[PDB]
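Engineer: Below is the structure, and that's it, no one-letter string:
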């Protein structure tokens, strides 16, 4: 989309994704390779794409420390008190 | 499996070798037999393959007894331990692998919904007898394995068609079909579905994926609506001028009917003008004899001579008709102000521009 | 006995150009009519050479062969010249220079032509590894496509299976024939056995059908060893290469065909929904 007083490419957006191998499509700019680590992917690094699958990693990180989850839950939800 | 096979084989060979070297206790070891261990291994490999030469055989009754028990033990090992495990090493993949990039073979990758009905017409009017210089090897890529009818169809076109299983979203699968180097990739679409915005947006997704892999490929796709085709101009890598074109089934299919409502039968002309159809010479004075004299006419694009520049359009049509017997349906007028816009039967007021 | 003078030589033998390497590069692929005739004329002369080995079986393993003799021997050498000039161009014309060092179409030629081109300087002949040239019969289904008879790919797979069957069968028969003609080195070749090649082919066809008569059998321990390895190799070929391909030639259609118009039988055609109840 385009506008006057600019180009709609400057608009900050976050879309929710449901696949890891689907994030490269959001970024118009060329990337080094199709097979790019999700963390290394330009759209993820910019923070314009939230994949739902990285939350699956938190079950690992909650396993090794009992306090990661309450830290994220109080940092993010804004005082999710019981 | 190989270790337990070799261990059982060598163990039983050693046991029957020890039995056949000595004699028999009830015969007081008077019935020996001289067997080297390698000949004995030859014996119990000839046995468990059910060949049974008999050049070397057991001569002790205690040895024959162990052979009777051991062939039953070998079958009990063969019928109950291996024959499901052999079948686990028997699932060979039907449609895998990759494409062998033969030089001079610009392999068209065709993806999207693939079925005998949709592919057959396309294969019949693409790989036709009356083509000029077809050295082009069609590479289908689709995740659903085909039924037996498509097996029979792909067997008919063996030298030109290769099928592969997998999506066009995994870029590894695009790496298998060598999408990076191909003349163009054509994405087909189903004629029918429950929701046209399902397969429309799925084909837009496939266009996004294929242009994301290699941004310099021509894609000729299909759409089912007109209001979903504006999503193809969305992509920055999609250049229509570069030759990436989208054919809208709804606009063309139900535009031909609309122009036919004006001129009764224009659909037959504009369908026989582009399908590579075989002329059958009919001698008998039927209607087909007059019909097939226009089927063999097709449409071409051509730059103009310099001598035609500056003249008027009916003058150049008059020269191209009487002098060269060629009908010029339309011309392309290119200006800085606007993108060149095809003009059909341009009026005399419009004159020819150079080139 | 200079059998090792040929075999050890064969083992040690096993042990601007960018535009001339591709002069025959069009002739490799099936692109011109000229590229056909090269594979056709290496295949027909391979058939002709195989015939000489079949005739050679009657002859003694080691013999003296001069230049002015029976013309089969004289044209065999010209066949070998044509062979070496055929596969010699593909050393530089091969894209990969690594897998040509162990290619099955190259090991088959490392062991036949260098014994001949040493034996010219020796003016002799030993019945060497000349049975191996039936391994080029896998290129049969290549050249039977070009004569426009094999067009259905099921026929091409059938021809492939029959060709690899006959080639493996004749190759192993030739190998065990060569082993059983000579004796044993540790027994100093005192344990020979006289076997014609046709009886040897009878043996290795009786074997791979698991019949096993025993009218003809291996008597050398080195021969029995090759029989032990070869029945396992035959089962490994049978359990892993054919048994899915046999099942591909096993889908017979249940209800096809047509009606035989017997006279006096006005056949009512009944169509539409058909069920046991209706």
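Structural biologist: Structure's in. What do you need? Numbers count the residues shown, from 1 in each chain, chains lettered A, B, ... in the order given.
Engineer: Which strand or helix spans residue C:55?
Structural biologist: Using DSSP states H and E, residue C:55 falls within helix C:34-56.
Engineer: Toward the C-terminus, what is the element adjacent to that helix?
Structural biologist: strand C:62-64.
Engineer: what inclination does the very next helix or strand once past that next one have with respect to helix C:34-56?
Structural biologist: Counting by DSSP H and E, the next helix or strand C-terminal to strand C:62-64 is helix C:71-87. Interaxial angle, helix C:71-87 versus helix C:34-56 (axes from the mean of the first three to the mean of the last three Cα atoms, to 10 degrees): 140 degrees.
Engineer: what's helix C:71-87 packed up against?
Structural biologist: Counting contacts by 3 or more Cβ pairs under 8 Å, 6 or more residues apart in numbering or on different chains; DSSP states H and E, helix C:71-87 packs against helix C:34-56, helix C:104-110, helix C:113-122. No exception for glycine: its C-beta is placed from N, CA and C like everyone else's.
Engineer: Adding distance to chain A and mean neighbour count, write these out as CSV.
Structural biologist: Listed next are those as CSV, based on distance: least, Cβ to the nearest Cβ, whole Å; neighbours: other Cβ atoms under 10 Å in any protein chain shown:
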stretch, distance to chain A, mean neighbour count
helix C:34-56, 37, 16
helix C:104-110, 35, 16
helix C:113-122, 47, 17
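Engineer: Distance to residue C:23 for those helices - can I get that in TSV?
Structural biologist: Below are the helices and strands packed on helix C:71-87 laid out as TSV (distance: least, Cβ to Cβ, whole Å):
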stretch	distance to residue C:23
helix C:34-56	11
helix C:104-110	21
helix C:113-122	23
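Engineer: so where do the strands sit in the chain?
Structural biologist: You didn't pick a chain, so chain A it is. With DSSP state E as the criterion, chain A has strands at A:15-17, A:49-51.
Engineer: wait, I meant chain B there
Structural biologist: In chain B, the strands defined using DSSP E lie at B:109-112, B:138-141, B:161-164, B:184-188, B:218-223, B:245-248, B:330-333, B:341-344.
Engineer: and those, which is most packed in?
Structural biologist: Scoring the strands of chain B by mean neighbour count under mean count of other Cβ atoms under 10 Å in any protein chain shown gives strand B:109-112 as the most buried, with a mean of 25.
Engineer: Check which helices and strands it sits against.
Structural biologist: With contacts taken as 3+ Cβ pairs under 8 Å, 6+ apart, strand B:109-112 sits against strand B:138-141, strand B:184-188, helix B:196-213.
Engineer: how much distance is there from the second one to the middle of the chain?
Structural biologist: Relative to the mean C-alpha coordinate of its chain, strand B:184-188 is positioned 12 Å out (Cα atoms, centre = their mean, to the nearest Å).
Engineer: what's the answer for the first one, then?
Structural biologist: Strand B:138-141 sits 3 Å away from the centroid of its parent chain (Cα atoms, centre = their mean).
Engineer: Give the partner strands of it in its sheet and their orientations.
Structural biologist: strand B:109-112 (parallel), strand B:161-164 (parallel) (DSSP bridges).
Engineer: burial of residue B:227, as a residue count?
Structural biologist: 11 (other Cβ atoms under 10 Å in any protein chain shown).
Engineer: Please apply the same query to residue B:315.
Structural biologist: Using other Cβ under 10 Å, residue B:315 is surrounded by 13 other residues.
Engineer: Tell me which residues touch residue C:245, please.
Structural biologist: Going by Cβ atoms under 8 Å, 6 or more residues apart in numbering or on different chains, residue C:245 touches C:157, C:161.
Engineer: Just the element for it, please.
Structural biologist: Element membership for residue C:245 (DSSP H and E) is helix C:243-247.
Engineer: Kindly report the same for residue C:2.
Structural biologist: Using DSSP H and E, residue C:2 sits in no helix or strand.
Engineer: what does residue C:239 give?
Structural biologist: Here residue C:239 sits within helix C:221-240, counting by DSSP H and E.
Engineer: Which other helices and strands does that helix contact?
Structural biologist: Against helix C:221-240 (3+ Cβ pairs under 8 Å, 6+ apart) you get helix B:37-47, helix C:153-181, helix C:197-207.
Engineer: Okay, buried residues for the last one please.
Structural biologist: When you say that, I think you mean helix C:197-207. Going by neighbour count (16 or more other Cβ atoms under 10 Å in any protein chain shown), the buried part of helix C:197-207 is C:197, C:200, C:201, C:202, C:203, C:204, C:206, C:207.
Engineer: can you tell me how far the fifth one sits from residue C:132?
Structural biologist: Pointing back at residue C:203 there. From residue C:203 across to residue C:132, the span is 19 Å (Cβ to Cβ, to the nearest Å).
Engineer: Kindly report the same for the third one.
Structural biologist: From residue C:201 over to residue C:132 the distance is 16 Å, taken as Cβ to Cβ.
Engineer: what about the closest residue to residue B:96 other than its chain neighbours, how many residues close to it?
Structural biologist: For residue B:96, ignoring the flanking residues on the chain, the nearest one in space by Cβ to Cβ, 6 or more residues apart in numbering or on different chains is residue B:165 at 6.7 Å. Neighbourhood size, residue B:165 [other Cβ under 10 Å]: 18.
Engineer: again with the one 3 residues further on
Structural biologist: Under the neighbour criterion other Cβ under 10 Å, residue B:168 is assigned a count of 23.
Engineer: contacting residues around it?
Structural biologist: Counting by Cβ under 8 Å, 6+ apart, residue B:168 makes contact with B:111, B:112, B:141, B:174, B:187, B:206, B:209, B:210.
Engineer: Which helix or which strand is home to residue C:210?
Structural biologist: Assigned by DSSP H and E, residue C:210 belongs to neither a helix nor a strand.
Engineer: Can you tell me which residues in chain A are near chain B?
Structural biologist: Chain A comes close to chain B at residues A:21, A:22, A:24, A:25, A:28, A:30, A:34, A:35, as judged by Cβ under 8 Å from any Cβ of the partner chain.
Engineer: Apply 7 Å and report the result again.
Structural biologist: Chain A has residues A:21, A:24, A:25, A:28, A:34, A:35 near chain B, with proximity defined as Cβ under 7 Å from any Cβ of the partner chain.
Engineer: Max pairwise distance over those: which two?
Structural biologist: A:28 and A:35 (19.1 Å; Cβ to Cβ).
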